[PDB]
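What follows is the content of final-v5.cif (mmCIF, C-alpha atoms).
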data_query
#
loop_
_atom_site.group_PDB
_atom_site.id
_atom_site.type_symbol
_atom_site.label_atom_id
_atom_site.label_comp_id
_atom_site.auth_asym_id
_atom_site.auth_seq_id
_atom_site.Cartn_x
_atom_site.Cartn_y
_atom_site.Cartn_z
ATOM 1 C CA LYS A 1 25.773 -19.989 -20.346
ATOM 2 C CA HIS A 2 22.250 -18.782 -21.146
ATOM 3 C CA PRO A 3 20.380 -17.645 -18.052
ATOM 4 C CA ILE A 4 16.704 -18.562 -17.759
ATOM 5 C CA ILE A 5 14.744 -15.323 -17.888
ATOM 6 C CA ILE A 6 11.637 -15.193 -15.736
ATOM 7 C CA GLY A 7 8.962 -12.523 -15.862
ATOM 8 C CA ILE A 8 7.461 -11.427 -12.555
ATOM 9 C CA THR A 9 4.084 -9.801 -12.834
ATOM 10 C CA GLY A 10 0.948 -9.052 -10.879
ATOM 11 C CA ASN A 11 -1.969 -6.623 -10.727
ATOM 12 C CA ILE A 12 -2.524 -3.319 -8.920
ATOM 13 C CA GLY A 13 -1.776 -3.987 -5.259
ATOM 14 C CA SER A 14 -0.534 -7.561 -5.648
ATOM 15 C CA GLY A 15 2.690 -6.598 -3.907
ATOM 16 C CA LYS A 16 5.048 -7.967 -6.554
ATOM 17 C CA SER A 17 7.275 -5.163 -5.294
ATOM 18 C CA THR A 18 7.685 -7.138 -2.110
ATOM 19 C CA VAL A 19 8.342 -10.360 -4.009
ATOM 20 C CA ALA A 20 11.274 -8.911 -5.983
ATOM 21 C CA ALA A 21 12.797 -7.217 -2.933
ATOM 22 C CA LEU A 22 12.756 -10.668 -1.381
ATOM 23 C CA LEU A 23 14.535 -12.202 -4.401
ATOM 24 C CA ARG A 24 17.142 -9.437 -4.304
ATOM 25 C CA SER A 25 17.517 -9.923 -0.556
ATOM 26 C CA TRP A 26 18.135 -13.580 -1.342
ATOM 27 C CA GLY A 27 20.663 -12.490 -3.923
ATOM 28 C CA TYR A 28 19.176 -12.873 -7.389
ATOM 29 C CA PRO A 29 19.381 -10.231 -10.092
ATOM 30 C CA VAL A 30 15.949 -8.642 -10.622
ATOM 31 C CA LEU A 31 15.858 -6.011 -13.391
ATOM 32 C CA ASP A 32 13.056 -3.426 -13.329
ATOM 33 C CA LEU A 33 11.651 -2.974 -16.834
ATOM 34 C CA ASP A 34 9.691 -0.013 -15.527
ATOM 35 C CA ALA A 35 12.928 1.842 -14.844
ATOM 36 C CA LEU A 36 14.218 0.873 -18.287
ATOM 37 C CA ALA A 37 11.032 2.117 -19.904
ATOM 38 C CA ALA A 38 11.958 5.397 -18.277
ATOM 39 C CA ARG A 39 15.606 5.501 -19.294
ATOM 40 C CA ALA A 40 14.501 4.467 -22.762
ATOM 41 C CA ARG A 41 12.020 7.310 -22.953
ATOM 42 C CA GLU A 42 14.773 9.709 -21.937
ATOM 43 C CA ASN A 43 17.137 8.150 -24.495
ATOM 44 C CA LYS A 44 14.816 8.341 -27.460
ATOM 45 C CA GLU A 45 13.477 11.722 -26.333
ATOM 46 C CA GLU A 46 14.235 13.535 -29.591
ATOM 47 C CA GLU A 47 12.317 10.897 -31.550
ATOM 48 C CA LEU A 48 9.397 11.335 -29.144
ATOM 49 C CA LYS A 49 9.567 15.132 -29.109
ATOM 50 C CA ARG A 50 8.764 14.892 -32.820
ATOM 51 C CA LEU A 51 6.170 12.111 -32.638
ATOM 52 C CA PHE A 52 4.281 14.119 -30.032
ATOM 53 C CA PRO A 53 4.963 17.869 -30.462
ATOM 54 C CA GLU A 54 1.859 18.572 -28.404
ATOM 55 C CA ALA A 55 3.731 17.226 -25.375
ATOM 56 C CA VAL A 56 6.884 19.311 -25.784
ATOM 57 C CA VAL A 57 6.736 22.384 -23.545
ATOM 58 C CA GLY A 58 9.634 24.797 -23.843
ATOM 59 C CA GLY A 59 11.996 22.259 -25.349
ATOM 60 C CA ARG A 60 11.064 19.714 -22.722
ATOM 61 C CA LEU A 61 8.901 16.653 -23.339
ATOM 62 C CA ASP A 62 6.320 16.848 -20.534
ATOM 63 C CA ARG A 63 5.832 13.353 -19.106
ATOM 64 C CA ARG A 64 2.315 14.330 -17.976
ATOM 65 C CA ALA A 65 1.049 15.608 -21.324
ATOM 66 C CA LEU A 66 2.730 12.764 -23.171
ATOM 67 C CA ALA A 67 0.708 10.249 -21.163
ATOM 68 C CA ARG A 68 -2.585 12.139 -21.251
ATOM 69 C CA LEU A 69 -1.990 12.375 -24.988
ATOM 70 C CA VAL A 70 -0.695 8.853 -25.574
ATOM 71 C CA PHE A 71 -3.582 7.361 -23.574
ATOM 72 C CA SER A 72 -6.229 9.384 -25.422
ATOM 73 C CA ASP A 73 -6.144 7.630 -28.814
ATOM 74 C CA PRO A 74 -4.839 4.045 -29.345
ATOM 75 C CA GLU A 75 -3.019 4.931 -32.564
ATOM 76 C CA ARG A 76 -0.632 7.231 -30.706
ATOM 77 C CA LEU A 77 -0.084 4.895 -27.774
ATOM 78 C CA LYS A 78 0.885 2.247 -30.344
ATOM 79 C CA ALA A 79 3.212 4.728 -32.067
ATOM 80 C CA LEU A 80 5.039 5.516 -28.824
ATOM 81 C CA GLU A 81 5.387 1.874 -27.855
ATOM 82 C CA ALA A 82 6.958 1.382 -31.287
ATOM 83 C CA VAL A 83 9.961 3.450 -30.251
ATOM 84 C CA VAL A 84 10.227 2.645 -26.548
ATOM 85 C CA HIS A 85 9.839 -1.135 -26.551
ATOM 86 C CA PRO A 86 12.727 -1.616 -29.038
ATOM 87 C CA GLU A 87 14.952 0.726 -27.008
ATOM 88 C CA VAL A 88 13.646 -0.873 -23.819
ATOM 89 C CA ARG A 89 14.962 -4.239 -25.020
ATOM 90 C CA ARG A 90 18.204 -2.828 -26.458
ATOM 91 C CA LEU A 91 18.945 -1.701 -22.876
ATOM 92 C CA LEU A 92 17.540 -4.902 -21.290
ATOM 93 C CA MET A 93 20.150 -6.886 -23.154
ATOM 94 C CA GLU A 94 22.829 -4.367 -22.299
ATOM 95 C CA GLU A 95 22.012 -5.043 -18.673
ATOM 96 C CA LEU A 96 21.915 -8.797 -19.226
ATOM 97 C CA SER A 97 25.250 -8.430 -20.947
ATOM 98 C CA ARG A 98 26.865 -7.531 -17.585
ATOM 99 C CA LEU A 99 25.392 -10.501 -15.732
ATOM 100 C CA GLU A 100 26.712 -13.997 -15.142
ATOM 101 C CA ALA A 101 23.987 -15.458 -12.971
ATOM 102 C CA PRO A 102 22.094 -18.484 -14.385
ATOM 103 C CA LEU A 103 18.684 -17.048 -13.448
ATOM 104 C CA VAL A 104 17.336 -13.546 -13.941
ATOM 105 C CA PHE A 105 14.037 -11.932 -12.993
ATOM 106 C CA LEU A 106 12.172 -9.146 -14.697
ATOM 107 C CA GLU A 107 9.588 -6.913 -13.076
ATOM 108 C CA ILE A 108 7.362 -6.447 -16.078
ATOM 109 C CA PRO A 109 4.118 -4.888 -14.954
ATOM 110 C CA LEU A 110 1.692 -5.280 -17.850
ATOM 111 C CA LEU A 111 3.661 -8.417 -18.807
ATOM 112 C CA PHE A 112 0.856 -10.339 -20.484
ATOM 113 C CA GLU A 113 -1.111 -7.340 -21.689
ATOM 114 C CA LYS A 114 1.915 -6.087 -23.620
ATOM 115 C CA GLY A 115 2.944 -9.449 -25.028
ATOM 116 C CA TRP A 116 5.991 -10.415 -23.018
ATOM 117 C CA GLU A 117 4.974 -14.038 -22.468
ATOM 118 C CA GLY A 118 6.633 -15.319 -25.631
ATOM 119 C CA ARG A 119 9.765 -13.425 -24.683
ATOM 120 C CA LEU A 120 10.499 -15.183 -21.376
ATOM 121 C CA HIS A 121 11.379 -18.724 -20.242
ATOM 122 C CA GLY A 122 8.585 -18.617 -17.705
ATOM 123 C CA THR A 123 6.348 -16.254 -15.743
ATOM 124 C CA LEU A 124 5.910 -15.808 -12.004
ATOM 125 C CA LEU A 125 2.444 -14.412 -11.243
ATOM 126 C CA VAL A 126 1.958 -12.786 -7.850
ATOM 127 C CA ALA A 127 -1.717 -12.767 -6.935
ATOM 128 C CA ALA A 128 -3.799 -11.714 -3.939
ATOM 129 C CA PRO A 129 -7.480 -11.197 -3.103
ATOM 130 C CA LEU A 130 -8.916 -8.146 -4.826
ATOM 131 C CA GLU A 131 -10.123 -6.798 -1.489
ATOM 132 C CA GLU A 132 -6.669 -6.977 0.127
ATOM 133 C CA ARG A 133 -5.154 -5.486 -3.035
ATOM 134 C CA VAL A 134 -7.598 -2.571 -3.116
ATOM 135 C CA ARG A 135 -6.989 -1.758 0.570
ATOM 136 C CA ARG A 136 -3.242 -2.116 0.065
ATOM 137 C CA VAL A 137 -3.457 0.521 -2.690
ATOM 138 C CA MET A 138 -5.809 2.815 -0.821
ATOM 139 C CA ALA A 139 -2.901 3.017 1.644
ATOM 140 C CA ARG A 140 -0.766 4.518 -1.132
ATOM 141 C CA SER A 141 -2.972 7.092 -2.839
ATOM 142 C CA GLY A 142 -6.152 6.513 -0.892
ATOM 143 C CA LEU A 143 -7.908 7.186 -4.160
ATOM 144 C CA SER A 144 -11.578 6.552 -3.441
ATOM 145 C CA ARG A 145 -11.237 2.764 -3.818
ATOM 146 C CA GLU A 146 -13.895 3.155 -6.512
ATOM 147 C CA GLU A 147 -11.283 4.939 -8.591
ATOM 148 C CA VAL A 148 -8.917 2.046 -7.874
ATOM 149 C CA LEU A 149 -11.491 -0.563 -8.867
ATOM 150 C CA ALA A 150 -11.469 1.212 -12.250
ATOM 151 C CA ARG A 151 -7.667 1.098 -12.558
ATOM 152 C CA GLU A 152 -7.757 -2.581 -11.613
ATOM 153 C CA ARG A 153 -10.052 -3.137 -14.580
ATOM 154 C CA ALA A 154 -7.356 -1.452 -16.682
ATOM 155 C CA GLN A 155 -5.320 -4.653 -16.890
ATOM 156 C CA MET A 156 -5.950 -8.213 -18.023
ATOM 157 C CA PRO A 157 -7.961 -9.719 -15.134
ATOM 158 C CA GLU A 158 -6.005 -11.795 -12.665
ATOM 159 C CA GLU A 159 -8.073 -14.917 -13.295
ATOM 160 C CA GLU A 160 -6.833 -14.703 -16.882
ATOM 161 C CA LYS A 161 -3.238 -14.023 -15.908
ATOM 162 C CA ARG A 162 -3.570 -16.901 -13.471
ATOM 163 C CA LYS A 163 -4.777 -19.257 -16.194
ATOM 164 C CA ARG A 164 -1.648 -18.684 -18.202
ATOM 165 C CA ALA A 165 1.221 -18.106 -15.791
ATOM 166 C CA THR A 166 3.838 -20.755 -15.095
ATOM 167 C CA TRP A 167 3.772 -20.225 -11.295
ATOM 168 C CA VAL A 168 1.416 -18.357 -8.979
ATOM 169 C CA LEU A 169 2.120 -16.849 -5.540
ATOM 170 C CA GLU A 170 -0.677 -16.132 -3.068
ATOM 171 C CA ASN A 171 -0.576 -13.774 -0.084
ATOM 172 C CA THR A 172 -0.972 -13.637 3.676
ATOM 173 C CA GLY A 173 1.872 -13.466 6.213
ATOM 174 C CA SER A 174 5.396 -12.679 4.983
ATOM 175 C CA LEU A 175 6.382 -16.087 6.347
ATOM 176 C CA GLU A 176 4.127 -18.060 4.009
ATOM 177 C CA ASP A 177 5.138 -15.703 1.233
ATOM 178 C CA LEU A 178 8.799 -16.257 2.067
ATOM 179 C CA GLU A 179 8.019 -19.968 1.634
ATOM 180 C CA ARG A 180 6.082 -19.976 -1.640
ATOM 181 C CA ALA A 181 8.652 -17.911 -3.550
ATOM 182 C CA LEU A 182 11.016 -20.405 -1.931
ATOM 183 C CA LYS A 183 9.096 -23.276 -3.485
ATOM 184 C CA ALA A 184 8.798 -21.744 -6.951
ATOM 185 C CA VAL A 185 12.434 -20.697 -6.885
ATOM 186 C CA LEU A 186 13.264 -24.356 -6.131
ATOM 187 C CA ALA A 187 11.637 -25.747 -9.321
ATOM 188 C CA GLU A 188 14.506 -23.855 -10.957
ATOM 189 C CA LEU A 189 17.573 -25.297 -9.211
ATOM 190 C CA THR A 190 19.658 -22.130 -8.627
ATOM 191 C CA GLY A 191 21.270 -22.446 -5.201
#

Output the file's structure as C-alpha cells, nothing else.
Amino acid sequence: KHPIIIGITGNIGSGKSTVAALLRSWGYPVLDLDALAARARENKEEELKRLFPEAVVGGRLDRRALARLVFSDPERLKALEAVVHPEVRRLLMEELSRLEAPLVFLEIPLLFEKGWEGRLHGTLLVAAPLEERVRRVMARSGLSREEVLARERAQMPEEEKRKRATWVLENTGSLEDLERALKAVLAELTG
C-alpha cells in the first residue's frame, strides 16, 4: 500500500541525527535527503558544470566554489536548486520504490525553509534549547559560538517551525528522548 511519509527536521544542534539513528535502531526506514542531494549533484554534474563554469576547476566541479558561488547571489542558488531538487526527488522515489514498509522517515534538514511541508504526510520536529544546541555544536567545530549563533539564524526560527510541525520532540536524557519518539511513533500505529 501507500506508506505514510514523515519529514524529520530540526535546527543546528537539535540532534535530529540521534533521533533517526534511534528510529533505524528500532527498525524503520529513514532515508537521508542530504545524501541524495549529494548523489543528485554528482548525477546532474554535467548540467551543473555548465550552469556554473566558474566552479569547474580542471574538468572537476569544485564543491567548495559551487557553494561559495551559489550562496553569493539568490538567482544562482535558485538556478541550482532547479536541477537538484527534481533529481533529488527522482531518486527519492527510486529509493521508495524498493521499500515495503508502511511508514517511512525523511531527514530533510531545511524541510520547511525549502518547502517540503506540502510534500509529506506529516512532520516530526526535533527541538532543544538554543543554549544546549549551541554547546552541542561547539563540540563539533568549536566555531566561536558567535559564529554558530549566526548560522542558527540562517534557518527558519525554531519557534516558527514549532508552530507548524505535526509533532515536536524535546531533549534531555536519552531515556526521555527514547520515550517521546516512542509516543509520537505510536500516534502512527506501525508495530

Could you tell me how far CA of residue 128 (chain A) sits from CA of residue 170 (chain A), in Å to one decimal place?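 That distance, rounded to one decimal, is 5.5 Å.
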
Contact check, region 54-169 of chain A to region 23-45 of chain A, at most 9 Å, counting only C-alpha atoms, closest pairs as a tab-separated table:
residue	atom	partner	partner_atom	distance
A:61	CA	A:45	CA	7.4
A:83	CA	A:44	CA	7.4
A:84	CA	A:40	CA	6.0
A:85	CA	A:37	CA	7.5
A:86	CA	A:40	CA	8.9
A:87	CA	A:40	CA	5.7
A:88	CA	A:40	CA	5.5
A:89	CA	A:36	CA	8.5
A:90	CA	A:40	CA	9.0
A:91	CA	A:36	CA	7.1
A:92	CA	A:36	CA	7.3
A:95	CA	A:31	CA	8.2
A:96	CA	A:31	CA	8.9
A:99	CA	A:29	CA	8.2
A:101	CA	A:29	CA	7.5
A:103	CA	A:28	CA	7.4
A:104	CA	A:29	CA	5.5
A:105	CA	A:30	CA	4.5
A:106	CA	A:31	CA	5.0
A:107	CA	A:32	CA	4.9
A:108	CA	A:33	CA	5.6
A:109	CA	A:34	CA	7.4

Nearest to residue 180 (chain A) by atom-to-atom distance, counting only C-alpha atoms, from A:110, A:4, A:125, A:154: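 The closest residue to residue 180 (chain A) is A:125.
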
Contacts of residue 174 (chain A) at 10 Å (all atoms listed in the file; same-chain gap of 6+ positions) as a ChimeraX atom specification: /A:18-19,22,180

Saved selection, atoms kept: C-alpha atoms, as a short mmCIF file (atom, residue, chain, number, x, y, z; two decimals), in the frame of the given file:
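As a result, again-v2.cif now contains:
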data_model
loop_
_atom_site.label_atom_id
_atom_site.label_comp_id
_atom_site.auth_asym_id
_atom_site.auth_seq_id
_atom_site.Cartn_x
_atom_site.Cartn_y
_atom_site.Cartn_z
CA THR A 18 7.68 -7.14 -2.11
CA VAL A 19 8.34 -10.36 -4.01
CA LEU A 22 12.76 -10.67 -1.38
CA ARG A 180 6.08 -19.98 -1.64
#

Nearest to residue 145 (chain A) by atom-to-atom distance, counting all atoms listed in the file, from A:74, A:166, A:130, A:158: A:130

Would you compute the distance between CA of residue 72 (chain A) and CA of residue 137 (chain A)? Give it in Å to one decimal.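 Computed distance, CA of residue 72 (chain A) to CA of residue 137 (chain A), equals 24.6 Å.
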
Go ahead and compute the interatomic distance for CA of residue 13 (chain A) and CA of residue 151 (chain A), in Å to one decimal.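 Computing it gives 10.7 Å between the two atoms.
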
Between A:119, A:68, A:161, A:63, which has the minimum distance to residue 5 (chain A) (counting all atoms listed in the file)? A:119

Every residue with an atom at most 10 Å from (5.2, 10.9, -34.2) (file coordinates; all atoms listed in the file) is what I'm after, so could you write them as a PyMOL selection string? chain A and resi 47-53+76+79-80+83

Which residues are close to residue 111 (chain A), i.e. within 9 Å by only C-alpha atoms, leaving aside same-chain residues fewer than 3 positions away? Reply as a PyMOL selection string. chain A and resi 7-10+107-108+114-117+123

Taking all atoms listed in the file into account, which of A:58, A:129, A:102, A:3 comes nearest residue 190 (chain A)? A:102

May I have the residues within 12 Å of residue 172 (chain A) as a list in words, using only C-alpha atoms and disregarding those fewer than 4 positions away in the same chain? residues 14, 15, 126, 127, 128, 129, 132, 133, 176, 177, 178, 179 and 180 of chain A

My structure is short of atoms at region 97-112 of chain A; please model N, CA, C and O atoms there, returning them as a JSON list (two decimals), in the frame of the given file.
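What landed in selection30.json:
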[["chain", "number", "residue", "atom", "x", "y", "z"],
["A", 97, "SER", "N", 23.90, -8.26, -20.47],
["A", 97, "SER", "CA", 25.25, -8.43, -20.95],
["A", 97, "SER", "C", 26.27, -8.38, -19.81],
["A", 97, "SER", "O", 27.33, -8.98, -19.90],
["A", 98, "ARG", "N", 25.96, -7.66, -18.73],
["A", 98, "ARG", "CA", 26.86, -7.53, -17.58],
["A", 98, "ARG", "C", 26.56, -8.53, -16.47],
["A", 98, "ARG", "O", 27.06, -8.39, -15.36],
["A", 99, "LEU", "N", 25.74, -9.53, -16.76],
["A", 99, "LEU", "CA", 25.39, -10.50, -15.73],
["A", 99, "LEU", "C", 25.97, -11.87, -16.03],
["A", 99, "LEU", "O", 26.25, -12.21, -17.18],
["A", 100, "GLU", "N", 26.16, -12.67, -14.98],
["A", 100, "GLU", "CA", 26.71, -14.00, -15.14],
["A", 100, "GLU", "C", 25.94, -15.00, -14.31],
["A", 100, "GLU", "O", 26.35, -16.15, -14.17],
["A", 101, "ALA", "N", 24.81, -14.57, -13.76],
["A", 101, "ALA", "CA", 23.99, -15.46, -12.97],
["A", 101, "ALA", "C", 23.22, -16.29, -13.97],
["A", 101, "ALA", "O", 22.97, -15.86, -15.08],
["A", 102, "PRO", "N", 22.84, -17.52, -13.57],
["A", 102, "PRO", "CA", 22.09, -18.48, -14.38],
["A", 102, "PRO", "C", 20.57, -18.32, -14.33],
["A", 102, "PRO", "O", 19.83, -19.10, -14.93],
["A", 103, "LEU", "N", 20.11, -17.29, -13.61],
["A", 103, "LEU", "CA", 18.68, -17.05, -13.45],
["A", 103, "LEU", "C", 18.45, -15.57, -13.25],
["A", 103, "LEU", "O", 19.02, -14.97, -12.34],
["A", 104, "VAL", "N", 17.61, -14.97, -14.08],
["A", 104, "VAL", "CA", 17.34, -13.55, -13.94],
["A", 104, "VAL", "C", 15.84, -13.29, -13.87],
["A", 104, "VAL", "O", 15.05, -14.02, -14.46],
["A", 105, "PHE", "N", 15.44, -12.26, -13.14],
["A", 105, "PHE", "CA", 14.04, -11.93, -12.99],
["A", 105, "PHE", "C", 13.76, -10.59, -13.62],
["A", 105, "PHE", "O", 14.65, -9.75, -13.71],
["A", 106, "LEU", "N", 12.53, -10.40, -14.08],
["A", 106, "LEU", "CA", 12.17, -9.15, -14.70],
["A", 106, "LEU", "C", 10.81, -8.70, -14.19],
["A", 106, "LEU", "O", 9.81, -9.41, -14.32],
["A", 107, "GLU", "N", 10.80, -7.52, -13.59],
["A", 107, "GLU", "CA", 9.59, -6.91, -13.08],
["A", 107, "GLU", "C", 8.94, -6.27, -14.29],
["A", 107, "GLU", "O", 9.27, -5.14, -14.67],
["A", 108, "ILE", "N", 8.03, -6.99, -14.91],
["A", 108, "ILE", "CA", 7.36, -6.45, -16.08],
["A", 108, "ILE", "C", 5.88, -6.24, -15.78],
["A", 108, "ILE", "O", 5.05, -7.13, -16.00],
["A", 109, "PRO", "N", 5.54, -5.07, -15.22],
["A", 109, "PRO", "CA", 4.12, -4.89, -14.95],
["A", 109, "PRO", "C", 3.53, -4.83, -16.36],
["A", 109, "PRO", "O", 4.21, -4.40, -17.30],
["A", 110, "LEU", "N", 2.29, -5.27, -16.52],
["A", 110, "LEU", "CA", 1.69, -5.28, -17.85],
["A", 110, "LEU", "C", 2.44, -6.29, -18.72],
["A", 110, "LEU", "O", 2.57, -6.09, -19.92],
["A", 111, "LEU", "N", 2.91, -7.38, -18.10],
["A", 111, "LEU", "CA", 3.66, -8.42, -18.81],
["A", 111, "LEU", "C", 2.84, -9.11, -19.91],
["A", 111, "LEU", "O", 3.23, -9.15, -21.09],
["A", 112, "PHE", "N", 1.69, -9.65, -19.53],
["A", 112, "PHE", "CA", 0.86, -10.34, -20.48],
["A", 112, "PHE", "C", 0.18, -9.39, -21.44],
["A", 112, "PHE", "O", 0.20, -9.61, -22.66]]
